[PDB]
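Novice: First the structure, then my questions, so here it is.
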Amino acid sequence: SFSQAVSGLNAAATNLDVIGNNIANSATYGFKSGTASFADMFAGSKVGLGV
Amino acid sequence: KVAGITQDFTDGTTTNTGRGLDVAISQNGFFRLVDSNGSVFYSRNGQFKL
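Protein sequence lines, in the order shown, are assigned to chains EC and CI. Residue numbering for the first sequence follows the authors' numbering, beginning at 1 and increasing consecutively. Residue numbering for the second sequence follows the authors' numbering, beginning at 52 and increasing consecutively.
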């Protein structure tokens, strides 16, 4: 019930923070831009559990 | 005098449990089970394990 929702919230928080970090560090020298990579989570049943 | 106890053989519902080793029959039939003595039995409860 809450597993589909709190995992999506925790994923979108890190996706916002890795954008804010690039926006902050856009002026330094040896910086490389990062992106998140997610993947879904499944049990042995057919419905999903989040991300 | 009580002549006998007679059982109603209509089907129930189909509860979904999401487990792996379980089956449920939807029409007429019975699973055949063999005990340790050798005598055979017939059943409808579908919880199996190893």
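Backbone N, C-alpha and C fix where the C-beta goes; we use that ideal spot for every residue, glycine too.
Pull the bridge partners of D73 of chain CI from the DSSP assignment, please.
Specialist: DSSP, once it has assigned bridges, lists CI:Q98 as partnering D73 of chain CI.
Novice: Measure the C-alpha to C-alpha separation of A12 of chain EC and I23 of chain EC and round it to an integer number of angstroms.
Specialist: So the alpha carbons of these two residues sit roughly 17 Å apart.
Novice: Tell me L84 of chain CI's beta-bridge partners as DSSP assigns them.
Specialist: Bridge partners of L84 of chain CI: CI:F92.
Novice: Along the stretch 67 to 80 of chain CI, where does the CB come closer than 8 Å to a CB of chain EC? Name the residues.
Specialist: Going along the stretch 67 to 80 of chain CI in chain order, one finds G69 and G71 with a Cβ nearer than 8 Å to chain EC.
Novice: Suppose the cutoff is 6 Å on Cβ atoms and the five residues either side in sequence are ignored; what does the same chain contact list for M41 of chain EC look like?
Specialist: Excluding sequence neighbours, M41 of chain EC sits near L49 and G50.
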